[PDB]
Structure formats: structure tokens, C-alpha cells
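S.K.: Questions regarding the structure given below will be posed in turn.
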Amino acid sequence: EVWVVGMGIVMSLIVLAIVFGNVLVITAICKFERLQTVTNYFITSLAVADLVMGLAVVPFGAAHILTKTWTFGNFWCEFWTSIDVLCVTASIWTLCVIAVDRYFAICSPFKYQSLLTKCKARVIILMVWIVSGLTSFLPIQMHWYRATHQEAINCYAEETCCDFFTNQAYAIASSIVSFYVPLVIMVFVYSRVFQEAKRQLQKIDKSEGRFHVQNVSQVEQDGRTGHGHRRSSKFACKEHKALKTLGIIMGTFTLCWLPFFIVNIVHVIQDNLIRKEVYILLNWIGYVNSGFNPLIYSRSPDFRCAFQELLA
């Protein structure tokens with residue numbers, strides 16, 4: 001009915017958001033605007049993972065929903081599904097990696113500079129993609145996931161029918177690796193980081209000079225800012241960075257991802273408890289997570305400038 005147009009428009013906005021956002025954040029190693037920082041590379045990976053989402057996966061999916069059939073063909077259906085899983089795994093995993101990065105901010109007089117990670121951040125990125133690919137493309141192409149079912153066999157063999165069917169064995173490991181583990185790591189990580197923030201502010205509260213000169217007042221200190229940043233600004237950026245990242249990770253996970261990934265287990269454990277509509281909608285919900293990051297995730301001060309300059 002009305003739904004077709006209504007859905008199409010939304011799909012358009014999402015497809016637009018993911019592409020515009022990811023592309024804006026990164027395209028290729030080349031731009032020189034202070035963004036080069038090593039920590040930034042991880043978000044770059046995030047950006048790339050999300051970019052592919054809006055390019056291949058989400059628009060084909062949208063068209064898929066519009067057509068109510070798969071026009072793409074069998075082999076391409078396989079390709080598309082593979083890219084989908086790869087994108088999701090890469091996204092979630094990357095987010096967890098970032099979480100690890102922030103967690104590593106244990107602080108202390110020495111820890112960051114000495115270790116310099118086990119080796120290189122790049123290896124972490126490659127590992128993420130490699131594990132993501134191994135969990136996706138290899139299993140899919142191999143037909144490891146295919147569960148022998150009459151309907152499954154029929155749809156798979158059929159070139160045009162592109163429907164997602166997976167054996168329980170594939171689903172538990174797939175979901176656990178893709179979503180669950182990173183969820184646990186992030187939960188513990190952000191949790192500890194939160195504790196750290198709390199501690200620092202408390203300690204600061206404990207600290208207090210005797211007999212203040214009188215009082216100080218400030219409202220904006222212009223935008224240019226000057227004179228000094230003091231460590232206050234350090235708390236500024238550390239707490240705000242922690243706050244935005246944590247808010248973004250939890251918000252992405254919950255507004256898009258958790259309901260989907262859990263539902264997977266739900267469908268696997270109990271067979272006729274769920275509708276197919278829920279599966280797709282939830283999956284899209286997860287898709288939106290790719291889109292939000294560039295708007296939110298790239299809050300860093302350098303990022304904002306650099307972004308605005310592009311728009312002007």
C-alpha cells in the first residue's frame with residue numbers, strides 16, 4: 001500500500017546517510033589535516049567498514065525489499081550476502097577495537113608510550129578484517145552455513161530467490177564471534193573506564209586550595225580560546241571523549257544490533273517464535289549504526305574543523 005513509498009524514502013535517507021557520512025570521514029589515505037594520528041587509523045577502519053555497508057549491502061537490500069524478489073542472480077546473491085556479513089562483523093569488531101584503545105588509556109606515568117601496543121595498530125586492523133572475512137566469505141562461499149532443508153535447498157539452488165537461511169551451528173558461532181564477544185569486551189572495558197573517570201573527578205573534588213582568591217567566572221572563553229588550556233581541558237576532552245564513545249557504542253549496539261543478534265539465537269533456539277519481518281527490520285536497524293558514526297563518532301576537535309571545511 002502506502003508502505004512501498006514510505007519505505008523507499010526511508011531507505012533513501014539511510015543509504016544517503018551511510019555513504020555521505022563514511023565517505024566524508026575517509027576515502028583513502030592521502031588527506032593531511034592532523035587526522036593522521038595513529039589512534040585515528042582505527043576509526044578509519046570503522047569508516048571503511050561502514051562505507052561498504054551503505055554502498056553494496058544496504059542499497060541492494062533496499063532494492064531487494066522494494067522488488068520483493070532477488071533480481072541479482074544466484075552467484076551475486078552469494079556475493080552480496082557475504083559482503084553483508086563481512087561488513088557487520090568488521091563494524092562491530094572495529095567498535096570493540098576502539099573500545100580497547102580507549103580502555104588502554106589506563107593512564108599512569110608510564111604505559112602508553114613504552115608498550116606501543118604489542119606491535120602495530122595496522123596489524124590490529126588487518127586482524128579484524130581477516131577474522132571478519134574468515135567468518136564470512138569463506139564459510140558462505142563454502143556453503144558451510146547452508147542447512148540441508150527442502151526449502152533451503154530450493155531457494156539456494158534457485159538463482160532468483162535470495163533468502164537467508166542458516167544452520168544452528170553456523171548461527172551460534174557466527175553471532176557469538178560477530179556480536180557477542182565484542183559486546184562483552186566492550187561492556188567490561190567501558191565499565192572500567194567509567195570507573196576511572198569517576199575516580200578522577202572525585203579525587204579532583206577532594207583536592208581544593210585553601211582560601212580561594214575569591215572566585216572565578218566563565219561562560220565560554222570565546223571559541224578561539226587562549227592563554228592556556230590547563231588540565232581542565234584535558235578533563236574536558238578525556239571525559240567528553242569517553243562519554244561520546246561510550247554513548248555511541250552503547251547506543252549503536254542497543255538501538256541497532258542487539259535486538260537483531262539476540263533474535264538470531266531466538267530463532268535458532270525456538271523455531272516458530274519469530275516473524276520474518278522482525279528479522280529484516282532488526283537487521284536494518286543494525287545497518288543504521290553504520291550511518292550514525294560519522295555524525296557522532298567523529299566528534300574530535302580536529303575532525304570537526306576538518307569536516308566543516310569540506311562542507312563550506
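Following the order of the C-alpha cells, first chain is A, next is B, and so on, with residues numbered from 1 inside each chain and ligands from 1 in the order they appear.
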Where in region 127-276 of chain A does DSSP assign helix (DSSP H, G or I), given as a ChimeraX atom specification?
M.R.: /A:127-142,150-157,168-206,232-255,258-269,276
S.K.: Considering only C-alpha atoms, return as a ChimeraX atom specification whatever protein or nucleic-acid residues lie within 12 Å of residue 42 (chain A), sequence-local ones (same chain, fewer than 5 positions apart) excluded.
M.R.: /A:26,35-37,47-49,90-91,93-102,120-129,297-298
S.K.: Let's have the selection written as a tab-separated table (two decimals), in the first residue's frame, with N, CA and C atoms.
M.R.:
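This went into selection14.tsv:
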```tsv
chain	number	residue	atom	x	y	z
A	26	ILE	N	36.32	9.31	5.65
A	26	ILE	CA	37.53	8.88	4.99
A	26	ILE	C	37.21	8.34	3.63
A	35	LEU	N	44.59	14.58	11.05
A	35	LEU	CA	43.84	13.37	11.30
A	35	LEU	C	44.68	12.12	11.26
A	36	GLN	N	45.93	12.22	10.80
A	36	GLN	CA	46.84	11.13	10.56
A	36	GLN	C	47.13	10.32	11.79
A	37	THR	N	46.87	10.86	13.00
A	37	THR	CA	47.17	10.22	14.26
A	37	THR	C	46.86	8.75	14.22
A	47	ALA	N	35.30	3.52	9.42
A	47	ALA	CA	34.69	4.27	8.36
A	47	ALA	C	34.59	3.44	7.12
A	48	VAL	N	35.67	2.70	6.78
A	48	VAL	CA	35.65	1.92	5.58
A	48	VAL	C	34.65	0.82	5.71
A	49	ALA	N	34.59	0.16	6.88
A	49	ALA	CA	33.71	-0.96	7.07
A	49	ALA	C	32.30	-0.50	6.87
A	90	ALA	N	32.96	-6.63	10.58
A	90	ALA	CA	34.01	-5.65	10.62
A	90	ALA	C	33.57	-4.48	11.45
A	91	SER	N	32.30	-4.05	11.30
A	91	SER	CA	31.83	-2.91	12.04
A	91	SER	C	31.90	-3.17	13.51
A	93	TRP	N	33.31	-5.48	15.27
A	93	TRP	CA	34.61	-5.80	15.80
A	93	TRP	C	35.42	-4.54	15.92
A	94	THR	N	35.35	-3.65	14.91
A	94	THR	CA	36.14	-2.45	14.93
A	94	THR	C	35.74	-1.63	16.12
A	95	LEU	N	34.42	-1.55	16.40
A	95	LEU	CA	33.97	-0.77	17.51
A	95	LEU	C	34.61	-1.33	18.75
A	96	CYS	N	34.68	-2.67	18.88
A	96	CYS	CA	35.25	-3.21	20.07
A	96	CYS	C	36.71	-2.84	20.14
A	97	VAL	N	37.39	-2.78	18.98
A	97	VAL	CA	38.80	-2.47	18.95
A	97	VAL	C	39.00	-1.09	19.50
A	98	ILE	N	38.15	-0.13	19.10
A	98	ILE	CA	38.26	1.23	19.55
A	98	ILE	C	38.09	1.22	21.04
A	99	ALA	N	37.12	0.42	21.52
A	99	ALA	CA	36.84	0.38	22.93
A	99	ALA	C	38.09	-0.03	23.63
A	100	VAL	N	38.82	-1.01	23.06
A	100	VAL	CA	40.04	-1.49	23.64
A	100	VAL	C	41.04	-0.38	23.67
A	101	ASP	N	41.06	0.46	22.61
A	101	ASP	CA	42.01	1.52	22.51
A	101	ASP	C	41.83	2.47	23.66
A	102	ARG	N	40.58	2.88	23.92
A	102	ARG	CA	40.29	3.82	24.97
A	102	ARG	C	40.58	3.20	26.30
A	120	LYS	N	51.69	-3.17	16.17
A	120	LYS	CA	51.27	-2.07	15.34
A	120	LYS	C	49.78	-2.02	15.29
A	121	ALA	N	49.19	-0.82	15.13
A	121	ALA	CA	47.76	-0.73	15.10
A	121	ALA	C	47.22	-1.32	13.84
A	122	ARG	N	48.04	-1.28	12.81
A	122	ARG	CA	47.67	-1.72	11.50
A	122	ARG	C	47.42	-3.19	11.57
A	123	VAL	N	48.26	-3.91	12.34
A	123	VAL	CA	48.09	-5.33	12.40
A	123	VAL	C	46.75	-5.61	13.01
A	124	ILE	N	46.31	-4.77	13.97
A	124	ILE	CA	45.04	-4.97	14.61
A	124	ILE	C	43.96	-4.84	13.59
A	125	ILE	N	44.07	-3.83	12.70
A	125	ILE	CA	43.05	-3.62	11.71
A	125	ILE	C	43.00	-4.80	10.79
A	126	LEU	N	44.17	-5.27	10.31
A	126	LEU	CA	44.19	-6.37	9.39
A	126	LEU	C	43.62	-7.56	10.07
A	127	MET	N	43.92	-7.74	11.37
A	127	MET	CA	43.40	-8.91	12.03
A	127	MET	C	41.91	-8.84	12.02
A	128	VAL	N	41.35	-7.64	12.28
A	128	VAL	CA	39.92	-7.52	12.36
A	128	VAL	C	39.31	-7.94	11.07
A	129	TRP	N	39.83	-7.41	9.95
A	129	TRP	CA	39.28	-7.71	8.66
A	129	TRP	C	39.49	-9.15	8.33
A	297	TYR	N	30.50	9.79	16.09
A	297	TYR	CA	31.85	9.31	16.33
A	297	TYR	C	33.02	10.22	16.09
A	298	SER	N	32.95	11.07	15.05
A	298	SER	CA	34.00	11.98	14.65
A	298	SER	C	33.92	13.30	15.34
```
S.K.: I'd like to know which of A:108, A:290, A:232, A:308 is closest to residue 45 (chain A), using only C-alpha atoms.
M.R.: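 Going through A:108, A:290, A:232, A:308 one by one, the smallest distance to residue 45 (chain A) is for A:290.
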S.K.: Between A:189, A:53, A:171, A:4, which residue has the minimum interatomic distance to residue 104 (chain A), considering only C-alpha atoms?
M.R.: A:189
S.K.: Considering only C-alpha atoms, state which residue in the set A:138, A:63, A:177, A:162 is at the smallest distance from residue 76 (chain A).
M.R.: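 Closest candidate: A:162.
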S.K.: How far is it from CA of residue 13 (chain A) to CA of residue 295 (chain A), in Å with one decimal?
M.R.: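 One can read the CA of residue 13 (chain A) to CA of residue 295 (chain A) distance as 14.0 Å.
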S.K.: Nearest to residue 10 (chain A) among A:89, A:60, A:284, A:153, with distances taken over only C-alpha atoms: which residue is it?
M.R.: A:284
S.K.: Residues near residue 83 (chain A), anyone? I mean within 12 Å using only C-alpha atoms, not counting same-chain ones fewer than 4 positions away, as a tab-separated table (two decimals) with N, CA, C and O atoms, in the first residue's frame.
M.R.:
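Wrote result.tsv, looks like this:
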```tsv
chain	number	residue	atom	x	y	z
A	49	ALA	N	34.59	0.16	6.88
A	49	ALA	CA	33.71	-0.96	7.07
A	49	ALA	C	32.30	-0.50	6.87
A	49	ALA	O	31.49	-1.20	6.26
A	50	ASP	N	31.96	0.68	7.41
A	50	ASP	CA	30.64	1.26	7.32
A	50	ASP	C	30.34	1.74	5.94
A	50	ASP	O	29.18	1.84	5.56
A	51	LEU	N	31.37	2.14	5.17
A	51	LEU	CA	31.14	2.70	3.87
A	51	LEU	C	30.62	1.63	2.96
A	51	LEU	O	29.67	1.85	2.20
A	52	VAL	N	31.21	0.43	3.03
A	52	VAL	CA	30.82	-0.67	2.19
A	52	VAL	C	29.41	-1.03	2.53
A	52	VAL	O	28.70	-1.61	1.71
A	53	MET	N	28.99	-0.75	3.78
A	53	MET	CA	27.66	-1.14	4.15
A	53	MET	C	26.62	-0.43	3.33
A	53	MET	O	25.73	-1.05	2.77
A	54	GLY	N	26.73	0.91	3.26
A	54	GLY	CA	25.81	1.77	2.56
A	54	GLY	C	25.98	1.66	1.08
A	54	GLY	O	25.14	2.19	0.35
A	55	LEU	N	27.17	1.26	0.60
A	55	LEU	CA	27.35	1.14	-0.83
A	55	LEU	C	26.77	-0.11	-1.42
A	55	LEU	O	25.90	-0.05	-2.29
A	56	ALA	N	27.32	-1.30	-1.06
A	56	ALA	CA	26.80	-2.54	-1.59
A	56	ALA	C	25.61	-3.08	-0.86
A	56	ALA	O	24.52	-3.22	-1.41
A	57	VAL	N	25.79	-3.33	0.45
A	57	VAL	CA	24.83	-4.07	1.22
A	57	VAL	C	23.51	-3.37	1.35
A	57	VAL	O	22.48	-3.92	0.96
A	58	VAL	N	23.51	-2.14	1.87
A	58	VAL	CA	22.24	-1.55	2.18
A	58	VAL	C	21.46	-1.17	0.96
A	58	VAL	O	20.24	-1.37	0.97
A	60	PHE	N	21.40	-2.61	-2.00
A	60	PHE	CA	20.89	-3.78	-2.65
A	60	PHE	C	19.78	-4.32	-1.83
A	60	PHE	O	18.79	-4.82	-2.36
A	61	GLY	N	19.93	-4.25	-0.49
A	61	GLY	CA	18.92	-4.76	0.39
A	61	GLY	C	17.66	-3.97	0.20
A	61	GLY	O	16.56	-4.52	0.20
A	76	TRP	N	25.69	-13.67	-7.46
A	76	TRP	CA	25.74	-12.35	-6.93
A	76	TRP	C	25.02	-12.34	-5.61
A	76	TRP	O	25.35	-11.55	-4.73
A	77	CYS	N	23.98	-13.18	-5.46
A	77	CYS	CA	23.27	-13.24	-4.20
A	77	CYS	C	24.25	-13.70	-3.16
A	77	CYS	O	24.22	-13.21	-2.03
A	78	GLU	N	25.12	-14.65	-3.52
A	78	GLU	CA	26.10	-15.16	-2.59
A	78	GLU	C	27.06	-14.07	-2.25
A	78	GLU	O	27.40	-13.86	-1.08
A	79	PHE	N	27.51	-13.32	-3.27
A	79	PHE	CA	28.47	-12.27	-3.10
A	79	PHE	C	27.92	-11.25	-2.16
A	79	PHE	O	28.58	-10.85	-1.20
A	87	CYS	N	30.67	-6.92	6.42
A	87	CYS	CA	30.53	-5.56	6.85
A	87	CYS	C	30.09	-5.53	8.28
A	87	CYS	O	30.59	-4.73	9.07
A	88	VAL	N	29.14	-6.41	8.66
A	88	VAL	CA	28.65	-6.35	10.00
A	88	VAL	C	29.74	-6.72	10.96
A	88	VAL	O	29.99	-6.01	11.93
A	89	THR	N	30.47	-7.82	10.68
A	89	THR	CA	31.49	-8.28	11.58
A	89	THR	C	32.54	-7.23	11.71
A	89	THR	O	32.98	-6.91	12.82
A	90	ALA	N	32.96	-6.63	10.58
A	90	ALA	CA	34.01	-5.65	10.62
A	90	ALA	C	33.57	-4.48	11.45
A	90	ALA	O	34.35	-3.95	12.24
A	91	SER	N	32.30	-4.05	11.30
A	91	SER	CA	31.83	-2.91	12.04
A	91	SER	C	31.90	-3.17	13.51
A	91	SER	O	32.58	-2.46	14.25
A	129	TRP	N	39.83	-7.41	9.95
A	129	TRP	CA	39.28	-7.71	8.66
A	129	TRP	C	39.49	-9.15	8.33
A	129	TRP	O	38.62	-9.79	7.74
A	132	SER	N	37.15	-11.21	10.21
A	132	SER	CA	35.84	-10.88	9.73
A	132	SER	C	35.57	-11.61	8.45
A	132	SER	O	34.46	-12.09	8.22
A	133	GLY	N	36.58	-11.68	7.55
A	133	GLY	CA	36.44	-12.35	6.28
A	133	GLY	C	36.33	-13.84	6.45
A	133	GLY	O	35.53	-14.49	5.79
A	134	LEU	N	37.15	-14.41	7.35
A	134	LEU	CA	37.21	-15.83	7.58
A	134	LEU	C	35.90	-16.32	8.11
A	134	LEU	O	35.53	-17.46	7.89
A	135	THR	N	35.21	-15.49	8.91
A	135	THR	CA	33.94	-15.80	9.49
A	135	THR	C	32.82	-15.63	8.50
A	135	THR	O	31.70	-16.08	8.76
A	136	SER	N	33.06	-14.93	7.37
A	136	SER	CA	32.00	-14.56	6.47
A	136	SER	C	32.17	-15.21	5.13
A	136	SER	O	31.46	-16.16	4.78
A	137	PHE	N	33.10	-14.67	4.32
A	137	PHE	CA	33.28	-15.08	2.96
A	137	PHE	C	33.62	-16.53	2.85
A	137	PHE	O	33.02	-17.25	2.05
A	138	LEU	N	34.58	-17.03	3.65
A	138	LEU	CA	34.96	-18.40	3.49
A	138	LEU	C	33.83	-19.32	3.81
A	138	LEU	O	33.57	-20.26	3.05
A	140	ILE	N	30.61	-18.76	3.74
A	140	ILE	CA	29.50	-18.59	2.85
A	140	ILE	C	29.76	-19.24	1.53
A	140	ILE	O	28.93	-19.99	1.01
A	141	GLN	N	30.95	-18.98	0.96
A	141	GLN	CA	31.29	-19.45	-0.35
A	141	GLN	C	31.34	-20.94	-0.32
A	141	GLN	O	31.00	-21.61	-1.29
```
S.K.: Can you list, as a compact mmCIF listing (two decimals) with N, CA and C atoms, in the first residue's frame, every protein, DNA or RNA residue that comes within 12 Å of region 268-276 of chain A when you count only C-alpha atoms, leaving out same-chain residues fewer than 6 positions away?
M.R.:
```txt
# COMPACT_ATOMS: atom_id res chain seq x y z
N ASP A 163 17.33 -15.75 -0.05
CA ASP A 163 16.85 -15.66 1.29
C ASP A 163 17.90 -16.21 2.21
N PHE A 164 17.94 -15.67 3.44
CA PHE A 164 18.94 -16.02 4.40
C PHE A 164 18.48 -17.21 5.19
N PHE A 165 19.23 -18.33 5.10
CA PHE A 165 18.91 -19.48 5.89
C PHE A 165 20.20 -19.95 6.48
N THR A 166 20.23 -20.28 7.79
CA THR A 166 21.47 -20.73 8.35
C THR A 166 21.23 -21.81 9.34
N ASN A 167 22.16 -22.79 9.39
CA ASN A 167 22.07 -23.88 10.31
C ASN A 167 22.39 -23.34 11.66
N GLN A 168 21.94 -24.05 12.71
CA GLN A 168 22.10 -23.60 14.06
C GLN A 168 23.56 -23.45 14.36
N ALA A 169 24.38 -24.41 13.90
CA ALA A 169 25.78 -24.42 14.22
C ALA A 169 26.43 -23.17 13.72
N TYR A 170 26.04 -22.71 12.52
CA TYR A 170 26.62 -21.53 11.95
C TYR A 170 26.21 -20.33 12.74
N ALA A 171 24.92 -20.28 13.14
CA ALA A 171 24.37 -19.14 13.83
C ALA A 171 24.99 -18.92 15.17
N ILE A 172 25.20 -19.98 15.98
CA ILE A 172 25.69 -19.66 17.29
C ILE A 172 27.07 -19.08 17.23
N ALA A 173 27.99 -19.73 16.51
CA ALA A 173 29.35 -19.27 16.44
C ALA A 173 29.40 -17.95 15.72
N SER A 174 28.62 -17.82 14.64
CA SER A 174 28.67 -16.64 13.83
C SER A 174 28.28 -15.46 14.66
N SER A 175 27.17 -15.57 15.40
CA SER A 175 26.66 -14.49 16.18
C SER A 175 27.59 -14.18 17.31
N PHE A 260 18.70 -7.63 16.97
CA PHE A 260 18.88 -8.49 15.83
C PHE A 260 19.64 -9.73 16.20
N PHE A 261 20.83 -9.55 16.79
CA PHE A 261 21.72 -10.65 17.06
C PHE A 261 21.13 -11.60 18.05
N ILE A 262 20.41 -11.09 19.06
CA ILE A 262 19.76 -11.94 20.02
C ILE A 262 18.66 -12.70 19.36
N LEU A 282 15.02 -5.64 12.04
CA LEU A 282 16.06 -5.58 13.03
C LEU A 282 17.41 -5.48 12.35
N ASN A 283 17.58 -6.21 11.26
CA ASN A 283 18.84 -6.20 10.56
C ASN A 283 19.11 -4.80 10.06
```
S.K.: Report, in Å to a single decimal, how far apart CA of residue 196 (chain A) and CA of residue 107 (chain A) are.
M.R.: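 Separating CA of residue 107 (chain A) from CA of residue 196 (chain A) is a distance of 9.3 Å.
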S.K.: Rank A:106, A:253, A:148, A:287 by their smallest atom-to-atom distance to residue 200 (chain A), using only C-alpha atoms, and report the top residue only.
M.R.: A:106
S.K.: By how many Å are CA of residue 184 (chain A) and CA of residue 299 (chain A) apart?
M.R.: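 Between CA of residue 184 (chain A) and CA of residue 299 (chain A) the gap works out to 24.7 Å.
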S.K.: Tell me which protein, DNA and RNA residues are within 10 Å of residue 296 (chain A), counting only C-alpha atoms, leaving out same-chain ones fewer than 4 positions away, and put them as an mmCIF file with N, CA and C atoms, in the first residue's frame.
M.R.:
```cif
data_model
loop_
_atom_site.group_PDB
_atom_site.id
_atom_site.type_symbol
_atom_site.label_atom_id
_atom_site.label_comp_id
_atom_site.auth_asym_id
_atom_site.auth_seq_id
_atom_site.Cartn_x
_atom_site.Cartn_y
_atom_site.Cartn_z
ATOM 1 N N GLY A 21 28.212 10.026 5.149
ATOM 2 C CA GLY A 21 28.950 10.086 6.379
ATOM 3 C C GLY A 21 30.279 9.392 6.282
ATOM 4 N N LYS A 244 31.261 10.374 24.795
ATOM 5 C CA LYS A 244 30.710 10.239 23.472
ATOM 6 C C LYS A 244 30.943 8.874 22.909
ATOM 7 N N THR A 245 32.115 8.276 23.172
ATOM 8 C CA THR A 245 32.397 6.996 22.596
ATOM 9 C C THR A 245 31.523 5.981 23.251
ATOM 10 N N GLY A 247 28.712 6.497 24.745
ATOM 11 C CA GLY A 247 27.338 6.695 24.392
ATOM 12 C C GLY A 247 27.094 6.171 23.010
ATOM 13 N N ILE A 248 28.062 6.361 22.096
ATOM 14 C CA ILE A 248 27.909 5.943 20.731
ATOM 15 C C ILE A 248 27.934 4.448 20.626
ATOM 16 N N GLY A 291 25.663 4.403 9.943
ATOM 17 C CA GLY A 291 25.430 5.721 9.414
ATOM 18 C C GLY A 291 25.735 6.771 10.445
ATOM 19 N N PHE A 292 25.386 6.496 11.715
ATOM 20 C CA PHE A 292 25.427 7.468 12.775
ATOM 21 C C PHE A 292 26.830 7.862 13.115
ATOM 22 N N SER A 300 35.927 14.399 17.602
ATOM 23 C CA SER A 300 37.194 15.023 17.894
ATOM 24 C C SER A 300 37.266 16.396 17.295
#
```
S.K.: Could you give me, as CSV, a per-residue list for region 225-304 of chain A showing, wherever an atom lies at most 12 Å from an atom of region 203-218 of chain A, the closest pair of atoms and their distance in Å to one decimal, using only C-alpha atoms and sorting by chain then residue number from low to high?
M.R.:
```
residue,atom,partner,partner_atom,distance
A:225,CA,A:218,CA,11.8
A:231,CA,A:204,CA,11.2
A:232,CA,A:204,CA,10.4
A:235,CA,A:204,CA,10.4
```
